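Below, chains carry the letters A, B, ... as their sequence lines are ordered, and counting in each starts from 1. Because only heavy atoms are used, hydrogens play no part in the values below, and waters and symmetry mates are left out as well, while side chains stay in.
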Amino acid sequence: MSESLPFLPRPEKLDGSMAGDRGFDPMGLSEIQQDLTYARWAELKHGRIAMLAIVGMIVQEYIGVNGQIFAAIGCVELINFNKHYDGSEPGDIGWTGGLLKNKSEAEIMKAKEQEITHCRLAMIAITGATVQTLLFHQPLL
Amino acid sequence: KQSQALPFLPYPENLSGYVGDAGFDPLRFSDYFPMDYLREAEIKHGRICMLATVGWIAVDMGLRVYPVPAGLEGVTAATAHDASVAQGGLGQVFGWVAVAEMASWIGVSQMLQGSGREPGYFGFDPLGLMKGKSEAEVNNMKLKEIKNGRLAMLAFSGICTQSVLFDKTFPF
Amino acid sequence: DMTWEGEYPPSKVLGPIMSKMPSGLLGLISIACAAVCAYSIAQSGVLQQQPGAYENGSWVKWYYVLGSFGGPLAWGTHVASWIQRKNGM
Amino acid sequence: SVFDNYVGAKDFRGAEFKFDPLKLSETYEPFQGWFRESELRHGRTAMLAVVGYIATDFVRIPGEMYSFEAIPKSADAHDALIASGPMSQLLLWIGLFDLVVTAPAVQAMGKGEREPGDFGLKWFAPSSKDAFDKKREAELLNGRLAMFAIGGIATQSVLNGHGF
Amino acid sequence: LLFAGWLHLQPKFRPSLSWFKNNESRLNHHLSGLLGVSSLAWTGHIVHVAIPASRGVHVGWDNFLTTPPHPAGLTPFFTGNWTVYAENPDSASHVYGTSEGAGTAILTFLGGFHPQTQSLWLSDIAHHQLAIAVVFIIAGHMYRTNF
Ligand code: CLA
Ligand code: CLA
Ligand code: CLA
Ligand SMILES: CC(=O)O[C@H]1CC(C)(C)C(=C=C/C(C)=C/C=C/C(C)=C\C=C\C=C(C)/C=C\C=C(\C)C(=O)C[C@@]23O[C@]2(C)C[C@@H](O)CC3(C)C)[C@](C)(O)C1
Ligand code: KC1
Ligand code: KC1
C-alpha cells in the first residue's frame, strides 16, 4: 500500500527509487508515462521557480527588472533543451558549485530529497502568497 | 439458515463475514448491492453521526469556541449551519472534507475492483490501540464501532428532529 | 458476452445490481417512479399558472425537477421488471 | 387441492366443509399461498377490530384528544383523528411493518421457506402438528366470524347510530 | 499546439495504440471537458465580460477579480436561490451598450429578440450555454473508465 495514502495501493512506477517518493499518485498519472524523468524535470523546475518567486516577493516590498530574469532563465532553458529529452538525470544541468561532489549516493539522494521537499513546499507557498495578495492586497500582517 | 433478528425470514446469505451482522436485512439490499459498498456506507454514516450528535449536543449545551467569531453569537445548533456558511467556517470544512472524500473515493473504487481493502479502513490509528491484537479482539472492536455508530445515527435523527419540531435545545 | 438469443435477454444486461432484483420489486419501483414523475409534472403545471409562484422561474422546484426524472426511470425499471420475470428472477 | 395443502375446511359445527364455489384456488392455484396469508391477515385484523370497537365504547386511553367528550361513541374515532395525529401514527408503523417485514415475508412464502401466516410468535404454539393444525382452524374460524362481526358492528352503528 | 505535435512524436511521448483505442475515456472527456466545460467556461465569459459590456460596464482583465457580474454576487447560487439571477432583465427601451434602461439579470428565459439590436438576449445565451454545459457534463458520465 501507499505510504501517503495507506488505504490506496502503491503505484506501480512509484517504487522507492526517486527522491520524494511518498507513493503519492492517487489519480494514476504515472501509469501512462514511460518514465517519470520528464515529470520530475517539471516538478523540480516548478519548485525552483517557486522558490525564487517566494524570495522575490519578500524582497519586493522589504527594501522591468524581472524582464532580465525571464531573459536569463530563457537562455539557460535554451542551451539545455535536449537534456529534458536526452533521458539524463532530471534537474541536473551541471549548475552546481562543486558541493555536489560529496559523500556517497545515499547522501546524494538526501540532497535530492532536501531539494524536492523545498520544491514541493514553495509551490504551496507561492500559491498561497499570490492568492492572499490578490484578495487582501496587503504585503503582510 | 434462518435470520436471527427475524426468526421467520430466511438468512440473507451475503452477510457471512461482516462483524456487525444480525442476519437482519429483510429487503435484501445485500443481495443486490455489494457488501463492501454497504458496510463502507454504514461505517461512514456511523462515524459522521457520532461526531454530529456530539457536536449538536455540545453546541446546544453552551460550549462555543472562544472567542466567538463574528456572526455566530446568538446561535443554536439548529441555526449554526447557515450562520457558519456566511461567516466562512463550513466553507473551509467543505473544502477539506472534499479532498478527503475525493481521495477516499479512489479507495472505495479500488476496493470494489479488488485491492483487498477492508470497508471502513484508512490508515488512521495514531494512538496504537491495535498493537498485535488477535482477530477475535479486532473484530470485537469493529463491532463496538458499528454498534455505537448505529446508535448515533438514530440518536442524531432524534435530536435534530426534536430540536426543530418542538423548537428546543437538547435537554428537552 | 452480452449477445443473446431467443425472446428475452439474460439478467446480466441489467447491470450488476438489477440483475439480482425480483421482477415484482422492479415492477413496483417502476410505478413509484411513474407516479412521482406524474405528480412532479402536474404540480409544476399548477406552479406555472399560480400568479405569485411563477415569476423569474420560481415555478422551478428542485424536488419537482428531480421527481420528473422518474419518467425515464419508470421506463427502464418496467423494462427491467419484464426481463427478470422472463428469467425467473 | 387447497384442502390438502392447507387447513381450514371446517364449518361452525366442525364438519368437513370444502368451500370454494368459484374455484378460485384452482383457477389461481399459484396464488393459494397468498390467499391463506391474506385470509389470516384479514382474520387477525378483524379480531382486533371487533375488540377495539367494543372496548372503545366504554374505555378510552386517558388523553383529552381521545376522551369521550371529543369522540362521542366509537364511529367518529376515524374521522376526528385524521388530522389529529393518532391515525397518521398507526398508518406509519403498520405501513412500515408491511414494507419492511410483511413484503419480505410474502416473497419468502412464495419461494417456499416460510409458512403463510407465520410471523414468529411460536411461544404458546404447540408441537405435534395436528395439535397446531387444530389451533390454526380455531384461529381461522374465529377469524372468519370476526370478519362478519366487524362488518356488522361498523355498519349498524352508522345507520342506527346506537352504541353496542 | 505546434510544440505539442512535435512533442507527441518524440519516442517517449508517442502514445500507444491502446491509448488511441480507448473509446470510453475519450467520450467521457470530450462530452465533459471539450463540450460541457467549455460551454460552462463560455457562460463564464458572457456573464463576466459580454453582458456587462452590453450593459455599459467595462469588465476586462484589469478589474474582473474585483467586480462581481451580479449585485447579489454568487451567494444565490450556493444557497439555491437561483431566481435572483432572473430578477430584472433589460427593458424594452434599453439602449444597447449603455447603462440606460439596462437590467442586472444574468440568466433569463426571455425568448425572442432584444428590440434594438434585433438579436438574442445575452442573458438567454448565458442560460442556454449553462444548461448545455450541465447536460454535457452529465453526459460525460456514462462510460466505464478506470473507476
Ligand atoms: C384493529 C385494531 C385497532 C385500531 C385501528 C384501533 C384504533 C384506535 N383505538 Mg383501539 N383497541 C384495540 C384495537 C384497535 N384500536 C384493541 C384490540 C383494544 C383492546 C386492548 C383497544 C382498546 C382501546 C382503548 C382503551 C382506547 C383505544 C383507542 C383507539 C383510537 C386511538 C388511539 C389508539 O390507537 O389506541 C391505542 C391502542 C390500544 C390501546 C390497543 C393496543 C393494540 C393491541 C394490543 C393489538 C396490537 C398487537 C400488535 C402485535 C401490534 C403490532 C403493531 C405493529 C405496528 C408492529 C384509535 C381509533 C383510544 C380511544 O380513545 O378511541 C377513540 C382508547 O382510549 N383502543
Ligand atoms: C462537480 C461534481 C462532480 C462529481 C460529484 C463527479 C463524480 C464523478 N466523476 Mg466527474 N467530472 C466532473 C464533475 C464531477 N464528477 C466535471 C465537471 C468533469 C468534466 C466533465 C468531470 C470529468 C470526469 C471524467 C473524465 C470521469 C469522471 C468520473 C467521475 C466518477 C468517479 C467515480 C469515483 O468514485 O472516482 C474516484 C475518485 C476520483 C477520480 C476523484 C475525483 C472525484 C471528483 C468528484 C471529481 C472532480 C470534480 C470537480 C472537478 C472538483 C470539484 C468538486 C468538489 C470536490 C469541490 C464520479 C461519479 C469518472 C467516471 O468513471 O465516470 C463514469 C471519469 O472517467 N468525471
Ligand atoms: C477533458 C479533456 C480533454 C479535452 C479538452 C480534449 C480536447 C481535444 N482533443 Mg481529446 N482526448 C482526451 C481528453 C481531452 N481532449 C483523452 C482523455 C483522450 C484519450 C482517451 C483524448 C484522445 C484524443 C485524440 C486521439 C485526439 C484528441 C483531439 C482533441 C481535440 C479535438 C479537436 C478540436 O479542437 O475541436 C474542438 C471542438 C469544439 C470545442 C467545439 C465542438 C464543435 C461541435 C461540432 C459541437 C456540436 C455539438 C453541439 C454542442 C450539439 C449538437 C447540435 C445539435 C442541435 C445537432 C480537442 C483539443 C484530437 C486532436 O485534434 O489532437 C490534436 C485528436 O486527434 N483527443
Ligand atoms: C408481483 C408484484 O410484486 O407486482 C406486480 C404488479 C403489477 C402492476 C401487476 C405488474 C406490472 C406492470 C407495470 C409495472 C407496468 C409499468 C410501466 C411503467 C411504470 C412505465 C412506462 C413508462 C414509458 C415512458 C415512455 C415514460 C417516460 C418517457 C419520457 C421521454 C420522459 O419522461 C421525458 C421527461 O423525462 C424528461 C426527459 C425531461 C423532464 O423534465 C420532462 C419529462 C418528464 C417529460 C408486475 C410487473 O407484475 C409487478
Ligand atoms: C492548513 C491550511 C489552512 C489555513 C491557512 C487556514 C486559515 C484560516 N482558517 Mg481554516 N481550516 C483548515 C485549514 C486552514 N485554515 C482545516 C484543515 C479546517 C478543518 C476542516 C479548517 C476549518 C476552519 C473553520 C471552521 C474556520 C477556519 C478559519 C480560518 C481563518 C482564521 C483567521 C484567523 O485565525 O484570524 C484563516 C483564514 C475561520 C474563519 O474565520 O473563516 C472565515 C473559521 O471559522 N478554518
Ligand atoms: C419507537 C418510536 C416512536 C416515537 C419516537 C413515537 C412518538 C410519538 N408517538 Mg408513536 N407509536 C409508535 C412508536 C413511536 N412513537 C409505535 C410502535 C406505535 C404503535 C403502532 C405508535 C402508535 C401511536 C399512537 C396511537 C399515538 C402515538 C403518538 C406519539 C406522539 C406522542 C406520544 C406521547 O408523548 O405520549 C409522539 C410523537 C400519539 C400522538 O399524540 O399523536 C398525535 C398517539 O396518539 N404513537
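Among all heavy-atom pairs drawn from C:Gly15 and C:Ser19, the shortest one is O-OG, 3.1 Å. Nearest heavy atoms, B:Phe156 versus B:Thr53: CD1-N, 3.7 Å. The shortest non-hydrogen separation linking C:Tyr64 to C:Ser40 is O-CB, 3.4 Å. Across every non-hydrogen atom of E:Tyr96 and E:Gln116, the tightest pair is N-OE1, 3.2 Å. The two residues A:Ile126 and A:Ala50 come nearest to each other via the heavy atoms CG2-CB, 3.7 Å. Minimum heavy-atom separation, C:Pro9 to C:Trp82: CD-CZ3, 4.2 Å.
Counting heavy atoms of neighbouring residues, nucleotides and ligands inside a 6.0 Å radius, atom CD of A:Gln60 does not exceed 12 of them. The 12-atom threshold is not exceeded at NE2 of B:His81, counting heavy atoms of other residues, nucleotides or ligands nearer than 6.0 Å. Residue A:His46 places its NE2 atom among 12 or fewer non-hydrogen atoms of other residues, nucleotides or ligands, all under 6.0 Å distant. Residue-environment remark: CZ (B:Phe33) exceeds the threshold of 12 foreign heavy atoms within 6.0 Å. Atom CE of E:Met142 sits in a sparse spot, with 12 or fewer heavy atoms from other residues, nucleotides or ligands closer than 6.0 Å. In this structure, E:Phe77 places its CZ atom where only 12 or fewer heavy-atom neighbours from other residues, nucleotides or ligands lie under 6.0 Å away. Residue A:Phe24 places its CZ atom among 12 or fewer non-hydrogen atoms of other residues, nucleotides or ligands, all under 6.0 Å distant. Counting heavy-atom neighbours within 6.0 Å of B:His45 NE2, excluding the residue itself, gives a total of 12 or less.
E:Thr43 places a side-chain N or O within 3.5 Å of a backbone atom of E:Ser39 that can act as its donor or acceptor partner. A side-chain donor-acceptor contact under 3.5 Å links A:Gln34 to the backbone of E:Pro11. Side-chain atoms of E:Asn88 do not come within 3.5 Å of backbone N or O of E:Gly103 as any donor-acceptor pair. With hydrogens and angles ignored, the 3.5 Å screen pairs a side-chain donor or acceptor of C:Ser68 with a backbone N or O of C:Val65. A distance-only check finds no donor-acceptor pair linking the side chain of E:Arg26 to the backbone of E:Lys21 [under 3.5 Å]. Side-chain atoms of E:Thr83 do not come within 3.5 Å of backbone N or O of C:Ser58 as any donor-acceptor pair. In terms of modelled atom types and a separation under 3.5 Å, the side chain of E:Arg14 and the main chain of E:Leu9 share a donor-acceptor contact. Between the side chain of E:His127 and the backbone N or O of E:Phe109 there is no donor-acceptor pair closer than 3.5 Å. Not one N or O on the side chain of E:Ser123 forms a donor-acceptor pair closer than 3.5 Å with the backbone of E:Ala105. At distances below 3.5 Å, not a single donor-acceptor pair connects side-chain atoms of C:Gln48 with backbone N or O atoms of C:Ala53.
A side-chain donor from one of B:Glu101 and B:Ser104 sits under 3.5 Å from a side-chain acceptor of the other. Using a 3.5 Å distance cut-off with no hydrogens or angles, the side chains of E:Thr108 and E:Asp124 do pair a donor with an acceptor. Counting only N and O atoms by type, the side chains of C:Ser30 and C:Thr77 include no donor and acceptor under 3.5 Å apart. E:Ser91 and E:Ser93 form no side-chain donor-acceptor contact under 3.5 Å, judged by distance and modelled atom types alone.
Taking the six-membered ring where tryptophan is involved, the planes of E:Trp6 and A:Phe81 are tilted, since the angle between them lies from 30° to 60°. Ring geometry for C:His78 against C:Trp75 counts as perpendicular: the plane angle is over 60°, on a 0 to 90° scale with 30° as the lower cut.
By the 4.5 Å heavy-atom criterion applied to side chains, C:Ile83 and C:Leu14 are counted as neighbours. Contact of the E:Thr117 side chain with the E:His114 side chain is registered, since non-hydrogen atoms from C-beta on lie closer than 4.5 Å. Side-chain atoms of C:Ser81 and C:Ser23, non-hydrogen and from C-beta on, do get closer than 4.5 Å to each other. Looking at E:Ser99 and E:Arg55, their side chains never come closer than 4.5 Å, going by heavy atoms from C-beta outward. Looking at heavy atoms from C-beta onward, A:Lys45 lies in side-chain contact with A:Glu77 at the 4.5 angstrom threshold. Contact of the C:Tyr54 side chain with the C:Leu47 side chain is not registered, since no non-hydrogen atoms from C-beta on lie closer than 4.5 Å. Contact of the A:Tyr38 side chain with the A:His84 side chain is registered, since non-hydrogen atoms from C-beta on lie closer than 4.5 Å. Counting heavy atoms from C-beta outward, A:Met123 and A:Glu43 have side chains that approach closer than 4.5 Å.
Note that the CD atom of E:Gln129 and the CH2 atom of E:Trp42 stand 8.5 Å from one another [nearest 0.5 Å]. Rounding to the nearest 0.5 Å places CD of A:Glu31 at 9.0 Å from CG of E:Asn146. With values rounded to the nearest 0.5 angstrom, E:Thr67 atom OG1 is found 10.5 Å from E:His48 atom NE2. In this structure, CG on A:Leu52 lies 12.5 Å from CG on A:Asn66, to the nearest 0.5 angstrom. The CG atom of A:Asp25 lies 8.0 Å from the CD atom of A:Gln33; values are rounded to the nearest 0.5 Å. A:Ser30 OG to A:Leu36 CG: the interatomic distance, rounded to the nearest 0.5 Å, is 4.0 Å.
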Inset, instruction - Applying side chain to side chain contact (heavy atoms under 4.5 Å, CB included), run through E:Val49 and E:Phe64 and close with a yes or a no. - result: CA-CA 8 Å; E:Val49 189; E:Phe64 80 109; over 6 Å; no
Inset, instruction - Show your working on side chain to side chain contact (heavy atoms under 4.5 Å, CB included) between B:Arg64 and B:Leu72 and close with a plain yes or no. - result: CA-CA 9 Å; B:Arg64 306 279 171 276; B:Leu72 309 183; over 6 Å; no
Legend entry - side chain to side chain contact (heavy atoms under 4.5 Å, CB included) assessment of A:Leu140 paired with A:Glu61: CA-CA 10 Å; A:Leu140 260 82; A:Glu61 62 251 10; 3.9 Å; yes
Legend entry - Stepwise ring pair (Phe, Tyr, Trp, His ring centres under 6.0 Å) check, E:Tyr85 with E:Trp82: CA-CA 6 Å; E:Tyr85 298 138; E:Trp82 288 357; 8.2 Å; no
Inset, instruction - Just do the side chain to side chain contact (heavy atoms under 4.5 Å, CB included) check on A:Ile54 and A:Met51 with the steps written out, would you? - result: CA-CA 5 Å; A:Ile54 280 295; A:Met51 264 183 280; 5.9 Å; no
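When each of E:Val47, E:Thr75, E:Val84 is tested with E:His70 by the rule side chain to side chain contact (heavy atoms under 4.5 Å, CB included), just one qualifies, namely E:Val84.
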